[PDB]
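Trainee: You'll find query.cif just under this line, and it carries mmCIF, C-alpha atoms and all ligand atoms.
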```cif
data_structure
#
loop_
_atom_site.label_atom_id
_atom_site.label_comp_id
_atom_site.auth_asym_id
_atom_site.auth_seq_id
_atom_site.Cartn_x
_atom_site.Cartn_y
_atom_site.Cartn_z
CA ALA A 33 -33.54 -12.30 2.51
CA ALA A 34 -32.52 -8.72 3.41
CA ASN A 35 -29.02 -10.18 3.58
CA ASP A 36 -26.77 -8.29 1.16
CA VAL A 37 -23.54 -9.81 2.46
CA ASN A 38 -22.61 -12.11 -0.42
CA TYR A 39 -18.81 -12.34 -0.94
CA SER A 40 -15.69 -12.62 1.13
CA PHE A 41 -13.29 -9.69 0.97
CA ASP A 42 -10.82 -11.79 -1.08
CA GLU A 43 -13.48 -12.86 -3.56
CA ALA A 44 -14.51 -9.18 -3.96
CA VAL A 45 -10.92 -8.06 -4.43
CA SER A 46 -10.39 -10.57 -7.21
CA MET A 47 -13.53 -9.37 -8.94
CA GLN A 48 -12.45 -5.67 -8.63
CA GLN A 49 -9.14 -6.76 -10.22
CA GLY A 50 -10.85 -8.49 -13.15
CA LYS A 51 -10.30 -8.11 -16.86
CA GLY A 52 -10.86 -4.75 -18.59
CA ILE A 53 -12.34 -3.35 -15.31
CA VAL A 54 -11.52 0.24 -15.18
CA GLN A 55 -10.08 1.31 -11.85
CA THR A 56 -8.11 4.54 -11.96
CA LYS A 57 -5.92 6.75 -9.76
CA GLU A 58 -4.71 10.34 -10.04
CA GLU A 59 -0.94 10.51 -10.53
CA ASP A 60 1.11 13.51 -11.82
CA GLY A 61 -2.00 15.60 -12.58
CA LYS A 62 -4.05 13.05 -14.60
CA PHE A 63 -5.78 9.66 -14.26
CA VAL A 64 -3.97 6.36 -14.86
CA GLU A 65 -4.93 2.73 -14.38
CA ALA A 66 -4.60 1.58 -10.73
CA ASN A 67 -2.60 -1.57 -10.06
CA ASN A 68 -3.97 -4.58 -8.26
CA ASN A 69 -2.35 -3.66 -4.98
CA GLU A 70 -3.75 -0.07 -5.13
CA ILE A 71 -7.24 -1.52 -5.80
CA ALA A 72 -7.09 -3.87 -2.83
CA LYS A 73 -5.82 -1.08 -0.51
CA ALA A 74 -8.51 1.35 -1.65
CA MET A 75 -11.38 -1.04 -0.98
CA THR A 76 -10.12 -1.94 2.52
CA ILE A 77 -12.49 -0.76 5.27
CA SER A 78 -11.04 1.75 7.76
CA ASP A 83 -16.85 7.42 8.66
CA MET A 84 -18.45 9.74 6.13
CA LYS A 85 -17.79 6.97 3.50
CA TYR A 86 -19.83 4.56 5.56
CA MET A 87 -22.69 6.87 6.52
CA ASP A 88 -26.21 6.46 5.15
CA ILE A 89 -26.81 9.46 2.76
CA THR A 90 -30.39 8.60 2.00
CA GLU A 91 -31.81 10.88 4.74
CA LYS A 92 -32.31 14.63 4.79
CA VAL A 93 -30.22 16.95 6.95
CA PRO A 94 -31.41 20.18 8.50
CA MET A 95 -29.42 22.67 6.45
CA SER A 96 -31.12 25.95 5.60
CA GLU A 97 -30.81 27.63 2.20
CA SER A 98 -28.49 30.15 3.88
CA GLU A 99 -26.22 27.41 5.21
CA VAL A 100 -26.14 25.63 1.85
CA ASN A 101 -25.32 28.86 0.05
CA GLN A 102 -22.46 29.40 2.52
CA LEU A 103 -21.00 26.10 1.37
CA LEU A 104 -21.46 27.16 -2.27
CA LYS A 105 -19.91 30.67 -1.89
CA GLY A 106 -17.05 30.96 -4.41
CA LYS A 107 -18.02 27.69 -6.17
CA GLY A 108 -18.41 28.89 -9.68
CA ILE A 109 -21.55 27.80 -11.52
CA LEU A 110 -22.84 26.28 -8.27
CA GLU A 111 -22.67 29.50 -6.29
CA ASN A 112 -26.02 30.74 -5.02
CA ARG A 113 -27.84 27.55 -6.10
CA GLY A 114 -28.53 26.37 -2.55
CA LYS A 115 -32.32 26.72 -2.93
CA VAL A 116 -32.26 24.16 -5.69
CA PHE A 117 -29.94 21.79 -3.92
CA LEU A 118 -32.56 21.83 -1.13
CA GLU A 119 -35.43 21.34 -3.53
CA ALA A 120 -33.50 18.22 -4.62
CA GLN A 121 -32.95 17.06 -1.04
CA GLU A 122 -36.64 17.32 -0.17
CA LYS A 123 -38.02 15.92 -3.43
CA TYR A 124 -35.82 12.87 -3.63
CA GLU A 125 -34.68 12.35 -0.06
CA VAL A 126 -30.98 12.81 -0.76
CA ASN A 127 -28.60 14.24 1.93
CA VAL A 128 -27.84 17.78 0.79
CA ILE A 129 -24.34 17.90 2.26
CA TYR A 130 -23.56 14.75 0.28
CA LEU A 131 -25.16 16.19 -2.85
CA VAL A 132 -23.23 19.48 -2.65
CA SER A 133 -19.97 17.67 -1.84
CA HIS A 134 -20.39 15.25 -4.75
CA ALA A 135 -21.09 18.16 -7.17
CA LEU A 136 -18.05 20.07 -5.86
CA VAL A 137 -15.72 17.16 -6.44
CA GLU A 138 -17.06 16.40 -9.92
CA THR A 139 -17.27 20.00 -11.21
CA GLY A 140 -13.91 21.16 -9.74
CA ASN A 141 -15.49 23.38 -7.14
CA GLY A 142 -17.97 24.58 -9.81
CA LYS A 143 -15.24 26.10 -11.93
CA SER A 144 -14.35 23.51 -14.56
CA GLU A 145 -15.06 24.17 -18.21
CA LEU A 146 -17.11 20.97 -18.47
CA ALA A 147 -19.26 22.28 -15.57
CA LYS A 148 -20.37 25.09 -18.03
CA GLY A 149 -21.96 22.43 -20.17
CA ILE A 150 -22.16 21.18 -23.75
CA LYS A 151 -23.91 23.01 -26.56
CA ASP A 152 -26.29 21.31 -28.98
CA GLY A 153 -28.81 23.16 -31.15
CA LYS A 154 -30.18 26.18 -29.25
CA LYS A 155 -29.74 24.28 -25.95
CA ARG A 156 -26.80 23.60 -23.65
CA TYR A 157 -26.62 20.49 -21.45
CA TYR A 158 -25.23 20.37 -17.95
CA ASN A 159 -24.05 17.48 -15.71
CA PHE A 160 -22.70 17.99 -12.21
CA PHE A 161 -22.47 14.39 -11.01
CA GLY A 162 -20.45 12.43 -13.63
CA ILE A 163 -23.56 10.63 -14.86
CA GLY A 164 -23.06 8.78 -18.11
CA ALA A 165 -21.09 9.94 -21.09
CA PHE A 166 -20.56 13.70 -21.06
CA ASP A 167 -18.23 15.01 -23.71
CA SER A 168 -18.59 16.92 -27.01
CA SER A 169 -18.99 13.65 -28.99
CA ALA A 170 -21.75 11.95 -26.91
CA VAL A 171 -23.99 15.03 -26.95
CA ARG A 172 -23.76 15.05 -30.81
CA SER A 173 -24.95 11.44 -31.26
CA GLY A 174 -27.54 11.72 -28.45
CA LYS A 175 -25.85 8.93 -26.48
CA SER A 176 -25.69 11.27 -23.48
CA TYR A 177 -27.67 10.69 -20.31
CA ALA A 178 -27.90 14.49 -19.78
CA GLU A 179 -29.54 14.99 -23.22
CA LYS A 180 -31.95 12.06 -22.80
CA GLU A 181 -33.08 13.71 -19.51
CA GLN A 182 -32.95 17.22 -20.94
CA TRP A 183 -30.77 18.77 -18.30
CA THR A 184 -30.89 22.03 -20.19
CA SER A 185 -30.04 24.25 -17.19
CA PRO A 186 -27.86 24.10 -14.10
CA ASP A 187 -30.91 23.85 -11.84
CA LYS A 188 -32.32 20.95 -13.93
CA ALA A 189 -28.92 19.17 -13.67
CA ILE A 190 -29.00 19.55 -9.86
CA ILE A 191 -32.52 18.17 -9.56
CA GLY A 192 -31.92 15.52 -12.19
CA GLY A 193 -28.68 14.32 -10.59
CA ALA A 194 -30.45 13.85 -7.28
CA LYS A 195 -33.29 12.00 -9.04
CA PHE A 196 -30.74 9.67 -10.68
CA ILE A 197 -28.80 9.01 -7.48
CA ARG A 198 -32.02 8.21 -5.60
CA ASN A 199 -33.60 6.02 -8.24
CA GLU A 200 -30.51 4.24 -9.58
CA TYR A 201 -28.28 3.90 -6.45
CA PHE A 202 -30.32 4.46 -3.30
CA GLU A 203 -33.20 2.28 -4.55
CA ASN A 204 -30.57 -0.36 -5.48
CA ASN A 205 -29.39 -0.70 -1.84
CA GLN A 206 -26.27 1.43 -2.48
CA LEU A 207 -26.92 3.73 0.48
CA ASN A 208 -23.50 5.18 1.23
CA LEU A 209 -20.39 6.14 -0.65
CA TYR A 210 -18.57 2.90 -0.08
CA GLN A 211 -21.51 0.91 -1.52
CA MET A 212 -21.87 3.36 -4.45
CA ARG A 213 -18.21 2.88 -5.28
CA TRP A 214 -17.46 -0.74 -4.48
CA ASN A 215 -20.98 -2.39 -4.51
CA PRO A 216 -20.01 -5.16 -2.10
CA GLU A 217 -23.33 -6.91 -2.65
CA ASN A 218 -22.28 -7.43 -6.32
CA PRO A 219 -18.59 -6.47 -6.62
CA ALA A 220 -17.41 -4.78 -9.80
CA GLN A 221 -20.85 -4.05 -11.23
CA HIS A 222 -22.95 -0.91 -11.04
CA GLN A 223 -20.17 1.19 -9.54
CA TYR A 224 -20.42 4.96 -9.60
CA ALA A 225 -16.88 5.81 -10.64
CA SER A 226 -13.53 4.43 -11.68
CA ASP A 227 -11.43 6.69 -9.41
CA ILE A 228 -10.30 4.53 -6.49
CA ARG A 229 -10.38 7.65 -4.27
CA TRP A 230 -13.80 8.87 -5.40
CA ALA A 231 -15.42 8.18 -2.02
CA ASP A 232 -12.52 9.65 -0.11
CA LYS A 233 -12.76 12.93 -1.96
CA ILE A 234 -16.48 13.38 -1.41
CA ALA A 235 -16.23 12.20 2.24
CA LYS A 236 -13.56 14.77 3.00
CA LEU A 237 -15.80 17.65 1.95
CA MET A 238 -18.79 16.13 3.74
CA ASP A 239 -16.86 15.87 6.96
CA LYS A 240 -15.81 19.52 6.79
CA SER A 241 -19.40 20.57 6.25
CA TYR A 242 -20.67 18.32 9.10
CA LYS A 243 -18.09 19.89 11.46
CA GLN A 244 -18.77 23.43 10.17
CA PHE A 245 -22.49 23.26 11.05
CA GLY A 246 -22.64 20.67 13.85
CA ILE A 247 -24.85 18.24 11.98
CA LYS A 248 -25.73 14.90 13.52
CA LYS A 249 -24.61 11.75 11.65
CA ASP A 250 -26.94 9.09 10.31
CA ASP A 251 -26.31 5.32 10.49
CA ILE A 252 -22.73 4.01 9.99
CA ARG A 253 -22.14 0.57 8.50
CA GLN A 254 -18.76 -1.18 8.34
CA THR A 255 -19.84 -4.79 7.71
CA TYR A 256 -19.98 -5.73 4.00
CA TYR A 257 -18.22 -9.05 3.46
CA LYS A 258 -18.45 -12.69 4.62
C1 LIG A 301 -22.65 7.36 -12.70
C2 LIG A 301 -21.97 6.87 -13.95
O1 LIG A 301 -22.47 7.11 -15.04
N1 LIG A 301 -20.90 6.10 -13.78
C3 LIG A 301 -20.14 5.45 -14.86
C4 LIG A 301 -20.39 3.91 -14.77
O2 LIG A 301 -21.73 3.58 -15.02
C5 LIG A 301 -22.57 3.44 -13.88
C6 LIG A 301 -22.66 1.96 -13.46
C7 LIG A 301 -23.95 4.00 -14.10
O3 LIG A 301 -24.70 4.15 -13.15
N2 LIG A 301 -24.29 4.33 -15.36
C8 LIG A 301 -25.60 4.96 -15.65
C9 LIG A 301 -25.33 6.20 -16.54
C10 LIG A 301 -26.72 4.09 -16.26
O4 LIG A 301 -27.88 4.18 -15.42
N3 LIG A 301 -26.36 2.67 -16.43
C11 LIG A 301 -26.08 2.39 -17.83
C12 LIG A 301 -25.03 3.42 -18.39
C13 LIG A 301 -23.67 2.74 -18.55
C14 LIG A 301 -22.53 3.78 -18.63
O5 LIG A 301 -22.56 4.87 -18.02
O6 LIG A 301 -21.59 3.45 -19.40
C15 LIG A 301 -27.38 2.31 -18.69
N4 LIG A 301 -28.58 2.37 -18.08
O7 LIG A 301 -27.29 2.13 -19.90
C16 LIG A 301 -19.52 3.19 -15.82
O8 LIG A 301 -19.65 1.77 -15.61
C17 LIG A 301 -18.04 3.62 -15.65
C18 LIG A 301 -17.06 2.98 -16.67
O9 LIG A 301 -17.75 3.18 -17.94
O10 LIG A 301 -17.93 5.06 -15.74
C19 LIG A 301 -18.62 5.68 -14.63
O11 LIG A 301 -18.39 7.03 -14.59
CL CL A 302 -15.36 -0.56 -15.80
CL CL A 303 -32.29 30.31 5.37
CL CL A 304 -18.63 11.53 -9.93
CL CL A 305 -13.38 3.89 -0.46
CL CL A 306 -12.98 16.56 15.07
CL CL A 307 -24.41 4.20 13.63
CL CL A 308 -16.75 -6.52 6.29
#
```
Have the structure of the file written as structure tokens, please.
Ligand SMILES: CC(=O)N[C@@H]1[C@@H](O[C@H](C)C(=O)N[C@@H](C)C(=O)N[C@H](CCC(=O)O)C(N)=O)[C@H](O)[C@@H](CO)O[C@H]1O
Ligand SMILES: [Cl-]
Ligand SMILES: [Cl-]
Ligand SMILES: [Cl-]
Ligand SMILES: [Cl-]
Ligand SMILES: [Cl-]
Ligand SMILES: [Cl-]
Ligand SMILES: [Cl-]

Mentor:
Amino acid sequence: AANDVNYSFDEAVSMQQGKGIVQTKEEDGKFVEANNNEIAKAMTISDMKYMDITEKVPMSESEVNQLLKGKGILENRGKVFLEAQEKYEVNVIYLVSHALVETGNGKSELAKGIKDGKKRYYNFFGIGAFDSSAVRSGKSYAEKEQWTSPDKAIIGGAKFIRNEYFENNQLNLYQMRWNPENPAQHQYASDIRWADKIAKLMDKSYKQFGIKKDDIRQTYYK
């Protein structure tokens, strides 16, 4: 069976509302727990969130660096975002947009990485535990993978997204966030607006460069 439609919307909502399941929302400058009604509203299907991001797009290094101009630690790293796109077959507009949301347009202090020994570790995609503490103990995905440079963190993030999400039939933002095939497991983030934020930047970049959209899917539930 290639049939990944497993749950009704109501069944999925109740699972997303389950015990100790971290769903969060930005209010008054920081993240708080989302209520059950906010969760249900967020997972409701309304198209960048629903677009397959497992294909390459024809963006040159010049075009990618345009997008990255004024983006902090990510500025003038378009060549490496493209190396990631071609190596791992990950949409570069998606990849850039995801990094921009997570790193605060490349300007956040956490985007400048975490020191340990003579190395510093970088993480631009919110992958695993990434804080002072976790790097110390070695319970950090970034350290395990030795993302010792920004370029390694770009390539490594794409490798992770491809191998852990795209190869797990989570092919667009909605599936990455809400995993309708298996609700409330293997979800990329706790922010209920995670997909919205990335999708917004993707859509701007699609309309800036006139890029053609890949497949859209809006059917996920019984
Ligand atoms: C991309 C990422 O890290 N999103 C984590 C998410 O973990 C997902 C499922 C994951 O893909 N985790 C990766 C790092 C890993 O491949 N799976 C688990 C790590 C579990 C974790 O991050 O806590 C493992 N192999 O041991 C975790 O559930 C949630 C609440 O803690 O906080 C999100 O920010
Ligand atoms: Cl959780
Ligand atoms: Cl070019
Ligand atoms: Cl993220
Ligand atoms: Cl969403
Ligand atoms: Cl338009
Ligand atoms: Cl389509
Ligand atoms: Cl549906």

Trainee: With only C-alpha atoms and all ligand atoms as the basis for distance, which of A:117, A:157, A:86, A:242 is at the shortest distance from ligand CL 305 (chain A)?

Mentor: A:86

Trainee: When you look at residue 227 in chain A with a cut-off of 10 Å (counting only C-alpha atoms), what residues show up, excluding the ones that are within fewer than 5 positions of it in the same chain? I need them as a ChimeraX atom specification.

Mentor: /A:54-58,63-66,71,74,213,232-233

Trainee: Those selected residues, please, written with C-alpha atoms and delivered as a compact mmCIF listing (two decimals), in the frame of the given file.

Mentor:
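Output saved as again-v2.txt:
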```
# COMPACT_ATOMS: atom_id res chain seq x y z
CA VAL A 54 -11.52 0.24 -15.18
CA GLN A 55 -10.08 1.31 -11.85
CA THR A 56 -8.11 4.54 -11.96
CA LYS A 57 -5.92 6.75 -9.76
CA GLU A 58 -4.71 10.34 -10.04
CA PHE A 63 -5.78 9.66 -14.26
CA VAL A 64 -3.97 6.36 -14.86
CA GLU A 65 -4.93 2.73 -14.38
CA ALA A 66 -4.60 1.58 -10.73
CA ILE A 71 -7.24 -1.52 -5.80
CA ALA A 74 -8.51 1.35 -1.65
CA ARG A 213 -18.21 2.88 -5.28
CA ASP A 232 -12.52 9.65 -0.11
CA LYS A 233 -12.76 12.93 -1.96
```

Trainee: CA of residue 140 in chain A to CA of residue 240 in chain A: how many Å, to one decimal?

Mentor: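 We find that CA of residue 140 in chain A and CA of residue 240 in chain A lie 16.7 Å from each other.
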
Trainee: Give me the residues within 10 Å of residue 179 in chain A as number ranges by chain, counting only C-alpha atoms and dropping any in the same chain fewer than 4 places off.

Mentor: A: 150, 152, 155-159, 166, 170-175, 183-184

Trainee: For C-alpha atoms, I'd like the residues from the last selection saved as a tab-separated table (two decimals), keeping the file's coordinate frame.

Mentor:
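So the final result, stored in result18.tsv, reads:
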```tsv
chain	number	residue	atom	x	y	z
A	150	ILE	CA	-22.16	21.18	-23.75
A	152	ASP	CA	-26.29	21.31	-28.98
A	155	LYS	CA	-29.74	24.28	-25.95
A	156	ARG	CA	-26.80	23.60	-23.65
A	157	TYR	CA	-26.62	20.49	-21.45
A	158	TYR	CA	-25.23	20.37	-17.95
A	159	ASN	CA	-24.05	17.48	-15.71
A	166	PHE	CA	-20.56	13.70	-21.06
A	170	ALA	CA	-21.75	11.95	-26.91
A	171	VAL	CA	-23.99	15.03	-26.95
A	172	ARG	CA	-23.76	15.05	-30.81
A	173	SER	CA	-24.95	11.44	-31.26
A	174	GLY	CA	-27.54	11.72	-28.45
A	175	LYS	CA	-25.85	8.93	-26.48
A	183	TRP	CA	-30.77	18.77	-18.30
A	184	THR	CA	-30.89	22.03	-20.19
```

Trainee: Could you pull out the residues sitting within 6 Å of ligand CL 304 (chain A), using all atoms listed in the file, and write them as a list in words?

Mentor: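 Counting all atoms listed in the file, the residues within 6 Å of ligand CL 304 (chain A) come out as residues 138, 161 and 162 of chain A.
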
Trainee: Those same residues - C-alpha atoms - I'd like them written as a tab-separated table (two decimals), keeping the file's coordinate frame.

Mentor:
```tsv
chain	number	residue	atom	x	y	z
A	138	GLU	CA	-17.06	16.40	-9.92
A	161	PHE	CA	-22.47	14.39	-11.01
A	162	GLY	CA	-20.45	12.43	-13.63
```

Trainee: What are the closest atom pairs, with distances in Å to one decimal, for each residue of chain A lying within 9 Å of ligand CL 303 (chain A), using only C-alpha atoms and all ligand atoms, rows by chain and rising residue number, as JSON lines?

Mentor:
```
{"residue": "A:95", "atom": "CA", "partner": "A:CL303", "partner_atom": "CL", "distance": 8.2}
{"residue": "A:96", "atom": "CA", "partner": "A:CL303", "partner_atom": "CL", "distance": 4.5}
{"residue": "A:97", "atom": "CA", "partner": "A:CL303", "partner_atom": "CL", "distance": 4.4}
{"residue": "A:98", "atom": "CA", "partner": "A:CL303", "partner_atom": "CL", "distance": 4.1}
{"residue": "A:99", "atom": "CA", "partner": "A:CL303", "partner_atom": "CL", "distance": 6.7}
{"residue": "A:100", "atom": "CA", "partner": "A:CL303", "partner_atom": "CL", "distance": 8.5}
{"residue": "A:101", "atom": "CA", "partner": "A:CL303", "partner_atom": "CL", "distance": 8.9}
```

Trainee: Keeping only C-alpha atoms, write the selected residues to a file as a compact mmCIF listing (two decimals), in the coordinates of the input.

Mentor:
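In the end it all went to out-v2.txt:
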```
# COMPACT_ATOMS: atom_id res chain seq x y z
CA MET A 95 -29.42 22.67 6.45
CA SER A 96 -31.12 25.95 5.60
CA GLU A 97 -30.81 27.63 2.20
CA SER A 98 -28.49 30.15 3.88
CA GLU A 99 -26.22 27.41 5.21
CA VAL A 100 -26.14 25.63 1.85
CA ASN A 101 -25.32 28.86 0.05
```

Trainee: Please report as a Markdown table every residue of chain A lying within 12 Å of ligand CL 308 (chain A), along with the nearest atom pair and their distance in Å (one decimal), using all atoms listed in the file.

Mentor:
```
| residue | atom | partner | partner_atom | distance |
| --- | --- | --- | --- | --- |
| A:36 | CA | A:CL308 | CL | 11.4 |
| A:37 | CA | A:CL308 | CL | 8.5 |
| A:38 | CA | A:CL308 | CL | 10.5 |
| A:39 | CA | A:CL308 | CL | 9.5 |
| A:40 | CA | A:CL308 | CL | 8.1 |
| A:41 | CA | A:CL308 | CL | 7.1 |
| A:42 | CA | A:CL308 | CL | 10.8 |
| A:44 | CA | A:CL308 | CL | 10.8 |
| A:75 | CA | A:CL308 | CL | 10.6 |
| A:76 | CA | A:CL308 | CL | 8.9 |
| A:77 | CA | A:CL308 | CL | 7.2 |
| A:78 | CA | A:CL308 | CL | 10.2 |
| A:86 | CA | A:CL308 | CL | 11.5 |
| A:210 | CA | A:CL308 | CL | 11.5 |
| A:211 | CA | A:CL308 | CL | 11.8 |
| A:216 | CA | A:CL308 | CL | 9.1 |
| A:217 | CA | A:CL308 | CL | 11.1 |
| A:253 | CA | A:CL308 | CL | 9.2 |
| A:254 | CA | A:CL308 | CL | 6.1 |
| A:255 | CA | A:CL308 | CL | 3.8 |
| A:256 | CA | A:CL308 | CL | 4.0 |
| A:257 | CA | A:CL308 | CL | 4.1 |
| A:258 | CA | A:CL308 | CL | 6.6 |
```

Trainee: Please produce a file of those selected residues containing C-alpha atoms, as an mmCIF file, in the coordinates of the input.

Mentor:
```
data_model
loop_
_atom_site.group_PDB
_atom_site.id
_atom_site.type_symbol
_atom_site.label_atom_id
_atom_site.label_comp_id
_atom_site.auth_asym_id
_atom_site.auth_seq_id
_atom_site.Cartn_x
_atom_site.Cartn_y
_atom_site.Cartn_z
ATOM 1 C CA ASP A 36 -26.770 -8.290 1.160
ATOM 2 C CA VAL A 37 -23.540 -9.810 2.460
ATOM 3 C CA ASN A 38 -22.610 -12.110 -0.420
ATOM 4 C CA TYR A 39 -18.810 -12.340 -0.940
ATOM 5 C CA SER A 40 -15.690 -12.620 1.130
ATOM 6 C CA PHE A 41 -13.290 -9.690 0.970
ATOM 7 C CA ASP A 42 -10.820 -11.790 -1.080
ATOM 8 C CA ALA A 44 -14.510 -9.180 -3.960
ATOM 9 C CA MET A 75 -11.380 -1.040 -0.980
ATOM 10 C CA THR A 76 -10.120 -1.940 2.520
ATOM 11 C CA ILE A 77 -12.490 -0.760 5.270
ATOM 12 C CA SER A 78 -11.040 1.750 7.760
ATOM 13 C CA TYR A 86 -19.830 4.560 5.560
ATOM 14 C CA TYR A 210 -18.570 2.900 -0.080
ATOM 15 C CA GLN A 211 -21.510 0.910 -1.520
ATOM 16 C CA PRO A 216 -20.010 -5.160 -2.100
ATOM 17 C CA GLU A 217 -23.330 -6.910 -2.650
ATOM 18 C CA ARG A 253 -22.140 0.570 8.500
ATOM 19 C CA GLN A 254 -18.760 -1.180 8.340
ATOM 20 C CA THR A 255 -19.840 -4.790 7.710
ATOM 21 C CA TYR A 256 -19.980 -5.730 4.000
ATOM 22 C CA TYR A 257 -18.220 -9.050 3.460
ATOM 23 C CA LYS A 258 -18.450 -12.690 4.620
#
```

Trainee: Using only C-alpha atoms and all ligand atoms, which residues of the polymer chains come no farther than 10 Å from ligand CL 302 (chain A)? I'd like the answer as a ChimeraX atom specification.

Mentor: /A:48,50-56,220-226

Trainee: Taking into account only C-alpha atoms and all ligand atoms, which residue in the set A:108, A:219, A:164, A:61 is nearest to ligand LIG 301 (chain A)?

Mentor: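 Checking each of A:108, A:219, A:164, A:61 against ligand LIG 301 (chain A), counting only C-alpha atoms and all ligand atoms, the winner is A:164.
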